[PDB]
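Student: Before we start, here is the structure in question, set down as structure tokens.
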Amino acid sequence: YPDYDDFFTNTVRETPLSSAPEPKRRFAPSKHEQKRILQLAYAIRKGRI
Amino acid sequence: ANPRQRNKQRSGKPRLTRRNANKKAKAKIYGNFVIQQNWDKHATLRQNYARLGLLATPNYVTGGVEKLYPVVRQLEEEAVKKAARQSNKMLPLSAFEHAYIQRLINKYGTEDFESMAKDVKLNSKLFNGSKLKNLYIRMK
Amino acid sequence: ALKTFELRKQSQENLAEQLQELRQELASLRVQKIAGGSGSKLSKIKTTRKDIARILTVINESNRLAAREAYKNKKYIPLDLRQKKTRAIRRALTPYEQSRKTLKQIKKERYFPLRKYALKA
Amino acid sequence: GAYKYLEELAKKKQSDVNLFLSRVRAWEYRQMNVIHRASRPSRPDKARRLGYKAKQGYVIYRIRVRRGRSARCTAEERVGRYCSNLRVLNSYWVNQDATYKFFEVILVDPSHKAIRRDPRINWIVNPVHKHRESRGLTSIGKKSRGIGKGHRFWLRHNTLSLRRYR
Amino acid sequence: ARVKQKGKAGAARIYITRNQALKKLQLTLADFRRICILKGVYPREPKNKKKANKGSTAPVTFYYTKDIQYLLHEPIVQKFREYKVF
Amino acid sequence: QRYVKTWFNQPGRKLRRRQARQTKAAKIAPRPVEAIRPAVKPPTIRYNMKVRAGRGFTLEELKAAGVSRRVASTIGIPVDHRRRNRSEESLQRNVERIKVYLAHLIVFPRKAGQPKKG
Amino acid sequence: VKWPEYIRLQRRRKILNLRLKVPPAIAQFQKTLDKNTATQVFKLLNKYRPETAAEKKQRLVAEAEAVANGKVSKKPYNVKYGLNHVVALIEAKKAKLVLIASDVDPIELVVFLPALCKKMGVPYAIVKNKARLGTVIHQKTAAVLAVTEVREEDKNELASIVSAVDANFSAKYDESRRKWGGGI
RNA sequence: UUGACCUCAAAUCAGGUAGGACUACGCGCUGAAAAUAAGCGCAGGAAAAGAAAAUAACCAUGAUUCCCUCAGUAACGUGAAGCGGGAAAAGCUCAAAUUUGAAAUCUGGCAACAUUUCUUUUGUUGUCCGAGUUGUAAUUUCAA
RNA sequence: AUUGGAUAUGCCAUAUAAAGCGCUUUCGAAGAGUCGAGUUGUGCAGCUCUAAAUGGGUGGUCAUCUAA
RNA sequence: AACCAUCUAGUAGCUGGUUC
RNA sequence: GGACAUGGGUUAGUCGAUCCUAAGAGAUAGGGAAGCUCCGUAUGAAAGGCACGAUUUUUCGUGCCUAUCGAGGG
RNA sequence: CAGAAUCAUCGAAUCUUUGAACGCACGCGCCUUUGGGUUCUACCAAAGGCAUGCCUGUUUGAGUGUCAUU
């Protein structure tokens, strides 16, 4: 039972792990709520909600 | 012989006679109405296809052919007719889009599709330049 | 021979009593057979013994149609009223469930279905 | 995603962490019943990749078998007999000790509307899939009975093809 | 037939005590009183006490078994549990 | 010389398959009974001088011939994600196999989906 | 007192953990955040609770009726939860503070988390009990939470808390996290 | 003092499902004096196999099954396989990458509304409870 | 009397969307008590030990395939 | 140990018969 | 004729069984077994009900006690 | 011998005791409701119920299992 040895985590890794860019999803208003909204409007127009 | 078949041999219950057999069970044609009119309910399918001018198969026939002696135009005009009737693939703009592209064009000129894309307030949806032109040409 | 179309437009308790009557003569008719009877009476046993069956069939048809209407448009209905086709038919996938496709499989046959074409010659 | 870390942590089966957990867990299971249901997979990545989703209809059972055929193959057939209304999807190794090997067995309900309506596990509802484990159709079944594409893997021999115009 | 046992009919059968009526309906005392208040339910003193108490002597309140069995199918009893759920 | 296979059903298997051909194309009339296969070279020294039908046209054969993978299976042109053109000879023999096919093809129009608004 | 087979199982298992020589990576999940900072951490967290499925509908109907008659916003600020989602955030260095449930059942799930958060330099703490973290997000249980970005109004409060977690969790212990737990 | 959960129960709890039969052909497992018989388990109108951790050594082939041929050859009296000709052809789905500007997903209860081999069948819509972030949808499957 | 699939035509339709293909100054996750080594029972299985990432498998340095 | 149906038309160097 | 033909005849609150256990069989809890199956029945089983109370937050508090078949018994 | 049919067809029913066989055994009970009697706190009858393994959900819980509440 030796003391815990950190041969990798003793340093802080500055760059993010992933290199891929940020897709425009995370800057534009949600598309998924838009499907919900337009389905919600349709029921209101057709008299379901 | 089996008890099961001896049951209805020594039983009094009439069989379930099912009348099914047809010599030359040449299946009649459904699907296309043009071919169904001009089918020959006697001749074989490979004769009928060659009679109409339709290639039964594009690949070589793995046997013999038939040597007894030592519609396609209709399908063509029908085809181009339907392509003409269902041709207007162009789509209009919904009232939202009608305002959506108008506010972008009323402020970024009309041809600077790279500038409208970079806009953060009016181009809220972050539509790329290729779709901005698509919405533009769709307006006219 | 009570006609069934006459019976089936009666009332429930009206059919209940006629059944109560129909037991009596058939009970009496058999009594005369063991004590000795004529040919006409002996033949009349069979007709009455079917006339009980006709009435009882009419009662059940009325009673079950009441349950069928009372249970019309409910999620769960009595087992004696449901479909009885085959144990395997009942446990097999419904056509709606067999018809189900993933959203990916709905895009594939939407934009790229099977075409109708023709090879010229 | 953590399922990357978990899988690379399940490779080291004798490190300080795994050794402690194996002895700690193998003790827990040996107090519990031989075939006992699990409230969740003890390996949420291995079960994940074999066809388990955290949704109603998917059932995890844990079973121990003595050491000394194939243990994974017995784990299927013993649980497939235990929950006789449930289909056997897959199974995996969770732990072992000097006497037993422990497995978890992924089962699905053919009778559940959340299963009967999802078109990625609709197939197992079909009648042909009754008791797959009893017929060598699970992965351990297909591997064991030589089912495999390659050169490594009866009536065609001892018959006479006595044709008509011979 | 067998020798019929004591207290299998009559005043030892219809008359049922409060504690038994609790465990027959599966209720706590406070709910039992509530459904006794809402319905028309009241103790009825048997003519022969020790006969009606399986030979016991202690003072106990009694109810008609017919009365308790009516409370078994009362639809409001469910609305007591639905409030325990709520 | 135990259990024997005797071929008294050979003439009835000949017709069973003929009727299956008759039943099939009658369901899909205008289109041929079979797909187009490529022409490929057998993989040996006893057979590399002959040409025989392949399994389908590789990704590059259709890309040069002018059909994408998705629309090539609809109009009846099987694809072969395994096979690949190691020499320009096989590419040209099969590119012009699809060229004559796409010339002899009459793709009938389908039904469109036209929403009331845009 | 004959115990049930499962009461005996619960208690023997608890005794077993304190007796064995726990590995260091599992030993750190026994020395956790104190109580005063725990309520302070959750005081902030309970500002950024994600809206419930009840609120997410009542809001979206309001837009629907606005569209249905006649008719844009700011980024929704809330707390990030979910193991895969959070583990990605640390790696993408989008997380400001990570709170790790102390008692996750298969400990494989979070055993690597303190090392990873240390590796990317994300200030982390091991908060007591998952059900506390569950109620913040309106769930039965959360294996891990993470604060990724707060409004400017509470930016000062988060900075104050982060320095406390540094001083009370990581400044303390630290060395004790590298010793085999248990053996008592 | 009050509550979250975790695990474990109980119920004539609400709704469901399993068993036994037939067994010509199917898939296992066990096994004699042939991988046979007998034994054991399990299915369907077919089963199994199946979209290469595959051949080959070419100008290369291209899931599986089946027929002919290979061939009584090769290898070691047993007894192949590839290629070759045919029959038929159809491809695909997950796990592993953050929906994070929004669990977008689903079972169930009730309420309605339709539909029906069908008053027996099958769903949609709303609504409440739950399932689920220890991961349900959308997206992707290496051909990318 | 039930029905299969097409055709014509009517009525609704969430299209604020979804999909194919050019292009890339960006990236490309890929299944472990399993492969495998030693021995034992008749390719698989048991025991003992136990992996890797241009890695691994299978063929003749190349070719081919990408298991669990 | 006996019995039963299978393997099974088990095993023949041998006995008996084998048709105008 | 015990043959066949054709009919008739066994009446129970108090007589017996049904009620009980013995040796043992024996399901279950469990555990083996590739498997038909095997062991196990006191076994590391949450294994059966009683009373009290103006009703207790109008959401139950407090207190007590610890299978089954099988013919001489009735 | 003394709208028929010792008919056909078959989409509606009936389907005794059993048997996987399922309240317990190879006769004995329990549960809910309903009824009867020129007999009504007794008796009797009737209809409908009570097998085990498992799954989803539900309700009632157990725990010196985990933790919280100035």
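Here the Cβ is made from the backbone with ideal geometry for all residues, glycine too, and neighbour counts use every protein chain on show. Computed from the coordinates by the stated procedures, all read-outs in this text should not be read as laboratory data.
Student: Among F:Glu96, E:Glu74, what is the fewest-to-most ranking by other Cβ atoms within 10 Å?
Tutor: Details: F:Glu96 11, E:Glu74 14.
Listed from fewest to most nearby Cβ atoms, that is F:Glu96, E:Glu74.
Student: Going 7 Å from the Cα of B:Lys24 toward and past its Cβ, which residues in the range F:1-41 have a backbone nitrogen under 20 Å from where you end up?
Tutor: Counting only backbone N, you get F:11-27.
Student: Looking at D:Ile115, D:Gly150, D:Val94, which one has the Cα that reaches farthest to the positive end of the dipole of chain D (charges on Cβ: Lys, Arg +1; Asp, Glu -1)?
Tutor: D:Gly150
Student: For the range F:29-52 and the range D:23-90, what is the centre-to-centre distance using only Cα atoms, to the nearest Å?
Tutor: After rounding, the separation between the Cα centres reads 50 Å.
Student: Return the average number of partner chain Cβ atoms within 10 angstrom of each residue Cβ along peptide B:55-63. Let's see the in-between values first.
Tutor: On the way: counts 11, 7, 8, 14, 8, 3, 0, 1, 0.
That works out to 6 on average.
Student: In whole Å and largest first, what semi-axes does the C-alpha gyration tensor of the range C:76-121 yield when each eigenvalue is scaled by 5 and square-rooted? Intermediate values should be presented prior to the final figure.
Tutor: On the way: eigenvalues 316, 51, 12 Å².
Each semi-axis is √(5λ); the values are 40, 16, 8 Å.
Student: At what distance in angstrom do the alpha carbon centres of the range B:32-62 and the range D:132-166 lie from each other?
Tutor: 40
Student: Let me ask another. If each of E:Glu82 and B:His42 carries a label point 7 Å out from its Cα toward its Cβ, how far apart are those two points in nm?
Tutor: 7.8
Student: Roughly how compact is chain G, stated as its Cα Rg over 2.2 N^0.38 Å to two decimals? Write down the numbers at each step before the final one.
Tutor: Working: Rg = 19.8 Å, N = 184, 2.2 N^0.38 = 16.0 Å.
Rg over 2.2 N^0.38 Å, computed on Cα atoms: 1.24.
Student: For D:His131, what residues show an amide H to amide H distance below 5 Å, using hydrogens built from the backbone and excluding near sequence neighbours?
Tutor: Here D:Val88 satisfy the definition.
Student: Along the charge dipole of the range B:1-88, Cβ charges K/R +1 and D/E -1, which of B:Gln36, B:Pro70, B:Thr17 sits furthest on the positive end?
Tutor: So the residue furthest toward the plus end is B:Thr17.
Student: Another question, then. Amide H of D:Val59 versus every other amide H placed in the peptide plane: which residues, excluding those fewer than 5 positions away on the same chain, fall under 5 Å?
Tutor: Here D:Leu107, D:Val108 satisfy the definition.
Student: Can you sort G:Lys75, G:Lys94, B:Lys23 from fewest to most other Cβ atoms within 10 Å of each residue's own Cβ? Don't skip to the answer; put the middle values down first.
Tutor: Working: G:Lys75 10, G:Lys94 17, B:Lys23 5.
Result, fewest neighbours first: B:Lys23, G:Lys75, G:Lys94.
Student: Among rounded, prolate and oblate, which fits the range G:95-184 when a ≥ b ≥ c are the square roots of the eigenvalues of its C-alpha gyration tensor, a/c under 1.5 means rounded, and a/b larger than b/c means prolate?
Tutor: It comes out oblate by the Cα gyration axes.
Student: Would you mind classifying the protein assembly as shown by shape? Square roots of the alpha carbon gyration tensor eigenvalues, ordered a ≥ b ≥ c; an a/c under 1.5 is rounded, otherwise it is prolate if a/b is larger than b/c and oblate if not.
Tutor: Numbers: a/c = 1.59, a/b = 1.03, b/c = 1.54.
Oblate.
Student: Still on this structure, please answer the following. In deg cm²/dmol, rounded to 500, what helix-only [θ] at 222 nm does chain F give when every DSSP H run of at least 4 residues adds -39500 (n - 2.57) and the total is split over its residues?
Tutor: Numbers: 4 runs with 47 residues, N = 118.
Theoretical 222 nm ellipticity from helices: -12500 deg cm²/dmol.
Student: Please list, short to long, the whole-number percent of alpha-carbon pairs of chain B in consecutive 10 angstrom bins beginning at zero.
Tutor: 8, 19, 12, 10, 13, 15, 11, 7, 4, 1
Student: Over the whole of G:58-68, what's the average partner chain Cβ count within 10 Å per residue? Rounded to a whole number, please.
Tutor: Working: counts 0, 2, 7, 7, 2, 7, 11, 4, 2, 8, 8.
Other-chain Cβ atoms within 10 Å of each residue's Cβ, averaged: 5.
Student: With only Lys, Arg, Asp and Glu charged, each at its Cβ (+1 for the first two, -1 for the last two), find how big the charge dipole of the range C:76-121 is about the Cα centre; round to the nearest 20 debye. Before the final figure, lay out each step's value.
Tutor: On the way: 15 positive and 3 negative charges, 47 e Å.
My answer is approximately 220 debye.
Student: Taking the Cα centre of the range D:2-145 as the origin, how large is its charge dipole in debye, to the nearest 20, when only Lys and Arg (+1) and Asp and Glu (-1) carry charge on their Cβ atoms?
Tutor: On the way: 35 positive and 12 negative charges, 64 e Å.
It comes to approximately 300 debye.
Student: So which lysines pass the test for C:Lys74, namely a Cα distance under 24 Å, with those fewer than 8 places away in the same chain ruled out?
Tutor: Correct list for C:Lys74: C:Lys84, C:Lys85, D:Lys113, E:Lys79.
Student: Tell me which residues come under 5 Å, amide H to amide H, from G:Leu20 once H is placed; ignore anything under 5 positions away on its chain.
Tutor: It is G:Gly183, by chain and number.
Student: Still on this structure: Tell me which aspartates and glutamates have Cα within less than 17 Å of A:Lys31's Cα, excluding those fewer than 8 residues away on the same chain?
Tutor: By straight Cα distance, A:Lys31 reaches A:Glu22, B:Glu97, G:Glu63.
Student: Distance cut-off 28 Å, Cα to Cα: go down the list E:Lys6/E:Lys39; D:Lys53/G:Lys119; G:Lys47/G:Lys74; A:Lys46/E:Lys84; D:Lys55/G:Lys35; B:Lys118/G:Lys119 and report the pairs above it.
Tutor: On the way: E:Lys6/E:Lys39 32 Å; D:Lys53/G:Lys119 31 Å; G:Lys47/G:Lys74 17 Å; A:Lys46/E:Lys84 40 Å; D:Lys55/G:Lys35 36 Å; B:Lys118/G:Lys119 36 Å.
Beyond 28 Å: E:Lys6/E:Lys39; D:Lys53/G:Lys119; A:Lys46/E:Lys84; D:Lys55/G:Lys35; B:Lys118/G:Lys119.
Student: A further question follows. Measure off 7 Å from each Cα along the Cα-to-Cβ vector at A:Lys31 and B:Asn7, then give the distance between these two points in nanometres to one decimal.
Tutor: Roughly 6.2 nm, to one decimal.
Student: Relative to the Cα centre, what is the charge dipole magnitude of chain E, using +1 at the beta carbon of each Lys and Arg, -1 at the beta carbon of each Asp and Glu, and rounding to the nearest 20 debye? Walk me through the numbers on the way to the answer.
Tutor: Working: 21 positive and 5 negative charges, 115 e Å.
The calculation lands at about 560 debye.
Student: Between the range C:1-55 and the range G:145-169, what is the separation of their alpha carbon centroids in Å?
Tutor: The range C:1-55 and the range G:145-169 have Cα centres separated by 94 Å.
Student: In whole Hz, what ³J(HN,Hα) sequence does the range C:4-11 give by Karplus (6.51, -1.76, 1.60; θ = phi - 60°), x for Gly and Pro?
Tutor: 5, 5, 5, 5, 6, 9, 7, 9
Student: Want the number for C:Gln10 to C:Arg68: 0.36 nm per residue separation, take away the alpha-carbon distance, what's left? Working shown, then result.
Tutor: Numbers: separation 58, 0.36 × 58 = 20.88 nm, distance 1.93 nm.
Extending this stretch completely gives an extra 18.9 nm.
Student: Sticking with this structure for a sec: Among rounded, prolate and oblate, which fits chain F when a ≥ b ≥ c are the square roots of the eigenvalues of its C-alpha gyration tensor, a/c under 1.5 means rounded, and a/b larger than b/c means prolate?
Tutor: Details: a/c = 2.73, a/b = 1.23, b/c = 2.23.
Oblate is the answer for chain F, as a/c is 1.5 or above yet b/c matches or exceeds a/b.
Student: So between G:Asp166 and G:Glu152, what do we pick up on full extension, going 0.36 nm a residue minus the alpha carbon distance?
Tutor: Numbers: separation 14, 0.36 × 14 = 5.04 nm, distance 2.15 nm.
Between G:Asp166 and G:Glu152, full extension yields 2.9 nm more.
Student: Okay, moving on. Suppose only helical runs count, i.e. DSSP H with n ≥ 4. What mean residue ellipticity at 222 nm does that imply for chain C under -39500 (n - 2.57) per run, divided by all residues and rounded to the nearest 500 deg cm²/dmol? Could the numbers behind the result be given before it?
Tutor: Numbers: 6 runs with 77 residues, N = 121.
Helix-only estimate at 222 nm: -20000 deg cm²/dmol.
Student: Extending each Cα 7 Å along its Cβ direction at G:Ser176 and D:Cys83, get the distance between those two points in nm, one decimal.
Tutor: It works out to 4.2 nm between the two label points.
Student: OK, next. Out of G:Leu116, G:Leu60, G:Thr148, whose Cα points farthest toward the positive end of the dipole of the range G:14-153 (charges: +1 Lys, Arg; -1 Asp, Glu; placed on Cβ)?
Tutor: After comparing all options, I get G:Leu116.
Student: Can you put B:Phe96, F:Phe108, F:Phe57 in order, fewest other beta carbons within 10 Å first?
Tutor: B:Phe96, F:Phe108, F:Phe57
Student: Is there a pair in B:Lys125/C:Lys107; D:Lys46/D:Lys101; E:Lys24/G:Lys2; D:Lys46/G:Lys14 whose C-alpha atoms are over 20 Å apart, and which pairs would that be? The partial results should precede the final answer.
Tutor: Numbers: B:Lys125/C:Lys107 24 Å; D:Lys46/D:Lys101 17 Å; E:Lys24/G:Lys2 30 Å; D:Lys46/G:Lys14 27 Å.
From B:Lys125/C:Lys107; D:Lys46/D:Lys101; E:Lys24/G:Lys2; D:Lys46/G:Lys14, over 20 Å: B:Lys125/C:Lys107; E:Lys24/G:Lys2; D:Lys46/G:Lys14.
Student: Within 10 Å of each Cβ in F:102-113, how many Cβ atoms from other chains are there, averaged over the peptide? Walk me through the intermediate numbers first.
Tutor: Values: counts 0, 1, 8, 6, 12, 6, 10, 12, 6, 3, 5, 1.
The mean count of partner-chain Cβ atoms within 10 Å per residue comes to 6.
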